[PDB]
Structures are given as structure tokens and as C-alpha cells.
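Undergrad: My questions all concern the structure below.
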Ligand SMILES: OCCOCCOCCOCCOCCOCCOCCS
Ligand SMILES: OCCOCCOCCOCCOCCOCCOCCS
Ligand SMILES: *[C@@H]1O[C@H](CO)[C@@H](O)[C@H](O)[C@H]1NC(C)=O
Ligand SMILES: *[C@@H]1O[C@H](CO)[C@@H](O)[C@H](O)[C@H]1NC(C)=O
Ligand SMILES: *[C@@H]1O[C@H](CO)[C@@H](O)[C@H](O)[C@H]1NC(C)=O
Ligand SMILES: *[C@@H]1O[C@H](CO)[C@@H](O)[C@H](O)[C@H]1NC(C)=O
């Protein structure tokens, strides 16, 4: 049967699923690791012990234990990101969508979800891989990984809670794809890993980590890069936060053994209830448990790795959205609300900048304020709101990504950069938030192709173009069709730094994406903060 | 006779001079101080001993000893500023232009020449006061004062070379006008002092200095303010430079007595030949001997005086030109030349910034560079040239003046701000220099009214408007005519900060003159330099 596949781990039984008036195969909830429960919590993943019989892969698996956003109960805008399956520590599974009839050896795309390393699920509706698998005829895989303390509590030195285990979960899933995707008709030598936000940072981290490089061919990064200020911490900070977590749960802090043992007896929700209390500053776009520069997964600092060319060299396709920062200001900066235009006063603006650049002293805060203020109209509420929006987006996503792309392009074999600036017609979030963090995903996964979702004809056309760019890049390392008549997405070169916009209007080529502000965030500010 | 005037110092005989097909009286070379020669060099001025007989005031007096610009021999552009009379230490004289018939008690305007405190003459053609005296019917006076070491060598503590004597020369001339202008038909209670560049800084210094305040009614400042970075030094720096001067002339440096005695035996030209060797940095727009914050002429720092409102409160009219910096880049920054478009490379740009902000560390230099560079086109020669031009102008003239006007307006009784941006049609300097430092003067003194000079009809109209603004302000404290139909020059208020352009086009009102860049130079940079 087309729904029965024999893998090196055992036999699996999928299910036929409808898609755009047709059908394809789906293998949901395939385990790739042993459940990381009990004494296994915080530990490196362990390969799934082979099973006899047939594994039923007809239903989605549980989502990993995580913080659940309840800011807007019932609002689809925020709940579309919450886990849609019961949560459990037994959550290391992957999902595969296979074209029908089953291909013999086609392009593979593995999706890595985002969520600030503190949340995320592979089962979200916006991540349904059938549309992309069916439309572009690629084998689409979505993996999962532990988030929060469960996946990133770091007590460097101990082997019971080494840190980065969530990244190792991802790697093991990639190892499984490498070893078994051939049986599903996928070609293991043509695997493209792609992800958004923390998922994009993750993709970049696998590009850097020597132990991950060999497991994939090409990479796509959406609104995220490994060097983002929120994507990693030092082993000292990681240790400080883990101890602080134990302190919040009345744990014995005499030794890592005592601390770890205590954290292991706690129920998942107990750790999650105090997760945000360990942050060192009053901030936004900062998460408690994230990857640590351990000297193992990451041999040295990310910066020195980027400078020496210590990373996988291949082709990459990456980009950002126009208003990456709005989500984080809505949720944590004073003055921003979901149902108002959120015109920001001067006082709230400054409160926002301190929150956005929590690691800066007063001189640094002034530098930022000066850089983003129109002194010819400093009391303009719209201008203060948008300026703060740009500050958060430039500092946390865009500039870190531009630094990465410029460093990578020096050693890489091909780079394609995009700027997503189309605001969906059916967007439920307020207008002031613009092209929101995470809203290019629905186009990448082809949601606009399903009429019931209410997108326009141009948006469906845009989704098809993007899906074809992504899939074509995955297949050849170039988003453009061989000898096509369509407009060409120019290669991003170290000299010309070209990129394109991604919207319903005719393609436009630009250069030096937000170079003015990124010279500030990547060159000046760090130099200023260090000199003081 | 109309050309004979009996003053408290003695009788004076003037001369009738033609002007625009008419005539007026001129009293040139009237002494107001004892010659500051021999043992008097460096000393505070002494009032001129009254004379018997009639002083012949029919010819211009000698110019004070000063550095003479020889960069462009024969070029009218630069030679129009060099002394046009023999130089001599015996140079403390003033000139008076009186309407004919002699007025009974009319408005008086006293001109204070600029020249970086190291040069200047009251006898320059561009300072001829007959056009203004005749056209607006005001008594126009032009004073003189010692420049260079002769007027500003400062050895705080000694009474032989206290410093600021050049400023005291100006005051004594103002004292003479106060006491004698009535005999020339001038009203001593309606005296307006005006000056350009160092002359403008001087006007602002008399506004601050308690000992000068009572000697005038109103003030006009052109391209200069007391707080300019080049307009003053501390007593320690003043002392260091004086000793360094002595060191350049093989003087005994054991004591102020030894040093001063040695400097007094030197010929004027010997001091001038090494004058520029005492500067502490490799710079531009920095002069060796300038006013010192002595705690006498200036009771405390200029900043604290401005903050506490420690200054004369009256009306003021001041402004700047569009390209104040070009002159100084032409003369001292690599890459700029008189006969080329001076497109500046990236290397020369950076050389220029270091030269323009000589007191800044590397972080400060980066801050400036970042602030004035278009990173979307950083190799644009035109953009680098103009950016450097703006850096020099903003740092040395505009921003310091904006800081002054905003501080003054808080306590003042009326402020009128202008932005002169008209490039004369007969300008001999290259196009890239734009509206040059010092070129609004010819319009203030009405040179465009004389056809032989080759200005256009609109330029003559512009000159007449400006002269009438200046004279009307001098007479009433408001540049606008009572119940006139002409466009109104709005008052500059602390809240709206309005100002007007000064050119041949219809009047336009603007707000917050170069506020974006001045927040950088007046608030951020100083804070950055101090924190490091
Ligand atoms: O529980 C007590 C502590 O709570 C305080 C802090 O919690 C606030 C967390 O806010 C995080 C930011 O929220 C943004 C929501 O992002 C969801 C959409 O992201 C799309 C990309 S996967
Ligand atoms: O003599 C040896 C030392 O010389 C080196 C330094 O001398 C250079 C002096 O340059 C000063 C700047 O020149 C600008 C000329 O300005 C004249 C016009 O000013 C108009 C306003 S009054
Ligand atoms: C495994 O097979 C059962 C039996 O048909 C079916 O319900 C489904 O495909 C899998 N299990 C569940 C609970 O759905
Ligand atoms: C990629 O690598 C191939 C072979 O190594 C080379 O021929 C090609 O020019 C490279 N392309 C880019 C964009 O570097
Ligand atoms: C003083 O009077 C003389 C005599 O007429 C005349 O030359 C001039 O007015 C004054 N002196 C000089 C040298 O010009
Ligand atoms: C100037 O002072 C007078 C009287 O002191 C006052 O009436 C007038 O309002 C003042 N004008 C300004 C602009 O301050």
C-alpha cells in the first residue's frame, strides 16, 4: 500500500488526506526519539528504539509542554499560535506529507517552527504541509523539539542538563530524515531545512554547528538568524537563570545535582508558571531558556565563527517582514493596545526604547532615541509608534539578519534575500501592526489557495509564486526557473547587495536593505556600549 | 561746519563723501584709546588722552597687526578680507558715517568686524558704512580692536597680559560712542551693536559680560555666537598657548614676567610668524589667541551664565548662512581646491571629520561620520563634500548659535532669526562653496546698490530689504514696519521657534532650524565625549 512504509525504525501506516480537490499521503506523529521524560528531562535526546508491528501515523502527535498565550481568549490572531493538541513531555515526533503517487527520489523540505524557543508546535494549521507538498511535489517534513526549560535549561559542566538539547532534538529529527526519507520517496541528498523566527535562528545554528552541517543540503531563514540578540546566551547567564528558576521553586541550590533533581520532580506547569521570572532585565523580545554558546554545539562565539568562515557553505534563501516588532510592543510596551491606533506619547516612546534595548546604558538609550526620532515633529504619535516598531524590528530581526547575510555571503555559494511587505486582506490584527512577525508563513504554506480562507486572487497568485520560489530553491539552489520568462530574483552579492520585495505588485529590485539603521545597530551602538 | 564736531576728547574734522549720487559726512580714524605699544602691548586699553586743536578724521586709520592671507595672491575673493591699510600696533580707532544734514538724535549702529579673533579691519570695502548710513539714515560706527596675541594672549594671574584685552578695546570704543555719539547727532540710548563671525561672537560676549551690558541697547549677531567652540578657551589652555608661543621664540619661560618681557621685545611679525604653531590639535576652524573664561569679563562659564539668565535682556536679531563651513575646508581639508568641484573620496571625508572635530575620540568621530553619511551611497563624492561642509558649519556656527538663541529667548524681550541662503550672482568663489561664510555682509552694507559692482536688480532689492530690517530693528527692536503691507518676519518664540529665509524669493517661514543635527551637536555628542 501507498500508505505503508517500512523504515529502519519499523513500519509506519499513514493516511490519505484531501487537498485542493485532490489527495496525498500523510504520515503524522512518527517518533524519532525516546520520550524525554522522568530522569530524561533536560537530557540530550536518545534515538527511538526500533519497534515491531505497524506504527499508526494517521493522527497528529502531542505538542511539547509550553507557555500558552491567553492575552486574547478566543481571538484567532493569537490562538492560531497556541498548541492545538494536548501538551506532553512525550512530544518528539515528526510529520511527513508525500505526493501521490509516491515519488521515487524528490526534493525534501524540513520545517522548523519558531516561538522564541519557549513555545511552538508542528501541528498548527498554518504549518499544514499538504498544500506545499501537493503543489510543488516535494516531500514536506515538519519536526518538533523541546522548548522552554525542557529544551534549553543550561547548567554547563553537567551532563544531566548541558543545554541546547532542544537543538539536538532538531538534529536527531534531521538525522532520521537523512536515514529514512528515501523510503518515503524523498532524496536525502537534497534536503532543505527552513524555519521562521526561532526556527530561522535554528536553521542558521545548524549551518554553524559542525555536528549538524552534514545533515542537510540548503537552508531557508525567515525572520531570524543565529546571531539574534534573543537567540542565545553565555554559559554563565544560562547557569544564572537555571539557578534562579530553582530559586523560584524553592529548590536546593547547593549543587547542580540538587538543583537538577529538584527541577525533575516538578510538574511541567510548575516550571512554566515561573519561567519568565528569571529574565535579567525589564524587556521585550527576550526569552528565558535559549541556546547557549557552550563550546560544543557551537565551538566558539558566533561572531568569530562567522568571521573565519567556520560554517557550512551552500546556498541560502532568507528575508524579513516589514513590521517584525509590532507583536512584541503590543504585548509588552506601555501605550500599545490591540483595539486602538496606539499613538505613542513621548513618555511611552522612551519607556519603549528602554524595554527594547534592555542591555544599554543611558548613553546607548539616547543614541537609539536620537537615531529614531524626527526632531521636527517629536510629539507625533504616529511617528513615535512606528519609530518604536522599527527599533524593535531592526534590533531583533532585520539588522542581525543583515549582519549574518553579509558575513555568510563572503564564503557562501549563493544568497537570495527578500523583504516581505504585503499585509494580508483578511488580517484580524489592527492596521498599526502592519506586516506582522510570522505572517509570511501562511503564504509559504499556501493557505491563500483555499477559497474558504478568504484571501484575494492576487494573494493566491503571490502565495503560488513564493511557494514555487521556495521549492525551486530547495530543488536547485536557485529560486528562479531555468530559462523562464518571469522576472528574475537577483543573487545577493557582497558588492551589490541586491534583494527583492515580496508582494502583489510587480517585482522590484533594491539594494542595501535598511543599511542606514543597521550600520547603527551592527557597528556604532556595540562600539558605544563597549567603550562605556 | 557740518564736518566739525567737538567731542569730550577734543575737536574732530571729517570729510564729505559721495554716495549713490548724494553725499554724507565721514569721520574716519578717530582715536578712542592710547596706542597699545611698547610696554602697553598685551595690556588692557587705556582711554585716549584728550587733545587740543582739531583732529583730522578724513582718512582711514591703520589696521591692527595680523596674519595676512596669501593663499590666492591677487584673487579678490580672499584679498577683500586682508588689511587694506598699513598695519600697526597703533590701531585703536573708530569710524563714523553721519547722514547729511546732521541728525539731532537718530539710531546708532556699531559694527564689530570678524576674522576669527586673529584678523580683521574696520576699513574693508565691504564694511563701508556710507550706503547704510545714507539709505536708512542711521549714524553708523565701525570700531577696531587688537587681534591675535596682541589682543588675546592670556596669562591669567598677571596684570601685564590678563587676556581679553581685545574685547576691552571693543568696550572702550562702545564707551566712547556712549559718551560722544550725541555730538554727531546719534542717540546714545539707542545703540545697536552688530558683527559677523568673531564679531558676532563678540556681540554675544558683550551681552553676557556685566561690564559691557549697559553700553548698548540691542544686538545683531551674524554667523557667530559667544558659545562657539572656537570663540574661547580656559585660562589653563590660554596659559599653555602663551608659553608655547614664547617657546617658539626662544623666550625665557621661568616666569610670566620673563615670558611677557620677551614677547614685548619681539617685532609684531615675529609673533605672527609662529602664531599657528601653538594650536593643541590638527584642526580647522580653530584659532590660537581668543577670549578666555577668566572669571572677570565672564564671571562664570558661558553655559551656566546662559542657564541662569545672567545676561543683558533686550531684543536680538541673528542668523546664519547656508554653507558656513566651505571656506575652512577649502583652506585646510585634504581634497578641497579652489578650482575643482572638490568631490571628496571616502578617505578624505574621514580625514576631514577628524580635522573638524579635533577634540573628539574615535567613538565621537564615528558618531559624527554615522550622522552625516548616506550609507545607501557612501562613495558619492558630491555627498561626501557637502556632508563635510555641513559638519563644519553645524558644529562651528549654526548649532552653537541655535543653542544660544534657545537659551536667550527664555529670558529675552524679543528674538528674530534668519537663514541666509542666496548665492550672489557675481560670486568669484567656486559653486561648491555655496552661500559662503561672510557673504551676507555685502548685502547688509548695501554693496548691491552700486551698479558698478554688477549685482542683479533682485539682489539690490534684497539688499534694501535686509538693510531696512536691520535698521528698523535697531531703531525699534522689531525688523518689521509698523502697520506695513510687507510680509512679516515672525518673532522667534521658545515654543514655535520660527525663522525666515533671506533671499530673492518670496519670504517663507520655517521652524526649528537644523534641529535634527543640532540635537546631535548640542545634546548627544557632548554627552558621549564626556562619558568617555
Ligand atoms: O506568566 C507570567 C509572565 O508573563 C509575562 C511575560 O509573558 C509575555 C510573553 O510575551 C511574548 C511575546 O508575545 C508575542 C506573541 O507571539 C506569538 C506569535 O509569534 C509568531 C511567530 S512563531
Ligand atoms: O603661517 C603658517 C601657519 O599657517 C597655517 C594655518 O593658517 C591657515 C589659516 O586659515 C584660516 C582659515 O582661512 C579662512 C579665510 O577666511 C577669510 C574670510 O572670512 C570671512 C569672515 S570675516
Ligand atoms: C490507527 O488505526 C485506527 C483504526 O482504524 C484509527 O482510529 C486511526 O487510523 C489510528 N488511531 C486513531 C486513534 O485514530
Ligand atoms: C558555487 O560553486 C560552484 C562550484 O563550486 C561554482 O562554479 C559557482 O560559481 C558557485 N556559485 C556561486 C554563486 O558562488
Ligand atoms: C588733514 O588735512 C589735510 C589738508 O587738507 C588733508 O590732506 C586731509 O584732509 C588730512 N590729511 C591727510 C594726510 O589727508
Ligand atoms: C518686552 O518687554 C515689555 C515690557 O517689559 C513687554 O510688555 C513685552 O511683552 C515684551 N515683549 C516680549 C517679546 O517679551
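By Swiss-Prot numbering, chain B shows 25-556, in order.
Structure determined by X-ray crystallography, 2.3 Å.
Heads up, the Cβ atoms here are built off N, Cα and C, so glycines get one too.
Pulled the feature table from Swiss-Prot, pasting it below:
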{"type": "CARBOHYD", "residues": "B:80", "note": "N-linked glycosylation site"}
{"type": "DISULFID", "residues": "B:88-B:115", "note": "disulfide bond"}
{"type": "ACT_SITE", "residues": "B:221", "note": "active site, acyl-ester intermediate"}
{"type": "DISULFID", "residues": "B:275-B:286", "note": "disulfide bond"}
{"type": "ACT_SITE", "residues": "B:348", "note": "active site, charge relay system"}
{"type": "DISULFID", "residues": "B:423-B:542", "note": "disulfide bond"}
{"type": "CARBOHYD", "residues": "B:437", "note": "N-linked glycosylation site"}
{"type": "ACT_SITE", "residues": "B:461", "note": "active site, charge relay system"}
{"type": "CARBOHYD", "residues": "B:478", "note": "N-linked glycosylation site"}
{"type": "CARBOHYD", "residues": "B:554", "note": "N-linked glycosylation site"}
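I'd like to know what surrounds each of these features in this structure.
TA: Following the DSSP three-state reduction, the secondary structure of residue B:80 (N-linked glycosylation site) is strand. A sphere of 10 angstroms centred on the C-beta of residue B:80 (N-linked glycosylation site) encloses 12 other C-beta atoms.
Residue B:88 (disulfide bond) falls outside any helix or strand according to DSSP and counts as coil. The Cβ of residue B:88 (disulfide bond) has 29 other Cβ atoms within 10 Å, all protein chains considered.
For residue B:221 (active site, acyl-ester intermediate), other Cβ atoms within 10 Å of its Cβ number 27. In the three-state DSSP scheme, residue B:221 (active site, acyl-ester intermediate) is classed as coil.
Neighbour list (residue B:275 (disulfide bond), Cβ cut-off 8 Å, at least 6 residues apart, same chain): B:282, B:283, B:286, B:287.
All chains included, 28 other C-beta atoms sit within 10 angstroms of the C-beta of residue B:348 (active site, charge relay system).
Annotation note: residue B:423 (disulfide bond) sits in a helical segment as assigned by DSSP. Applying an 8 A CB threshold to same-chain residues 6+ apart, the list for residue B:423 (disulfide bond) reads B:538, B:541, B:542, B:545, B:546.
DSSP assigns residue B:437 (N-linked glycosylation site) to coil in the three-state reduction, outside any helix or strand.
Around the Cβ of residue B:461 (active site, charge relay system), the number of neighbouring Cβ atoms within 10 Å comes to 26.
Within the same chain, residues at least six positions away from residue B:478 (N-linked glycosylation site) with a Cβ under 8 Å of its Cβ are B:449, B:450.
For residue B:554 (N-linked glycosylation site), the number of other Cβ atoms no farther than 10 Å from its own Cβ, over all displayed protein chains, is 8. Classification of residue B:554 (N-linked glycosylation site) by DSSP places it within a helix.
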Undergrad: Taking the Cβ of residue B:115 (disulfide bond) as the reference point, list residues of the same chain whose Cβ is under 8 angstroms away and which are at least six residues distant in sequence.
TA: B:85, B:86, B:87, B:88, B:89, B:168, B:170
Undergrad: Ligand 5 is in the model; which of the recorded positions B:80, B:88, B:348, B:478, B:554 have a C-beta less than 6 angstroms from one of its atoms?
TA: B:80
Undergrad: Most Cβ neighbours within 10 Å: which of the disulfide-bonded residues B:286, B:542 is it?
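TA: The residue with the most neighbouring Cβ atoms within 10 Å is B:542.
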Undergrad: In angstrom units, rounded to an integer, how far apart are the Cα atoms of residue B:554 (N-linked glycosylation site) and residue B:461 (active site, charge relay system)?
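TA: Answer for this pair: 30 Å between alpha carbons.
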Undergrad: Could you check which of the active-site residues (B:221, B:348, B:461) sits closest to residue B:437 (N-linked glycosylation site), going Cα to Cα?
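TA: So, spelling it out, the nearest of the active-site residues is B:221.
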Undergrad: How big is the Cα-to-Cα gap, in Å, between residue B:80 (N-linked glycosylation site) and residue B:461 (active site, charge relay system)?
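TA: So the Cα of residue B:461 (active site, charge relay system) lies 35 Å away from that of residue B:80 (N-linked glycosylation site).
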Undergrad: For a Cβ distance below 6 Å to any atom of ligand 6, name the recorded positions from B:275, B:437, B:542, B:554 that qualify, or say none.
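TA: Checking each Cβ against ligand 6, the ones under 6 Å are B:437.
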Undergrad: If the criterion is a C-beta within less than 6 angstroms of any ligand 2 atom, which of the recorded positions B:221, B:348, B:437 pass it? List them in sequence order.
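TA: The qualifying recorded positions are B:221.
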Undergrad: Rounded to the nearest Å, what's the C-alpha distance separating residue B:348 (active site, charge relay system) and residue B:461 (active site, charge relay system)? Just drop the number here, would you?
TA: 4
Undergrad: Please report the distance from the Cα of residue B:461 (active site, charge relay system) to the Cα of residue B:221 (active site, acyl-ester intermediate), rounded to the nearest angstrom.
TA: 8
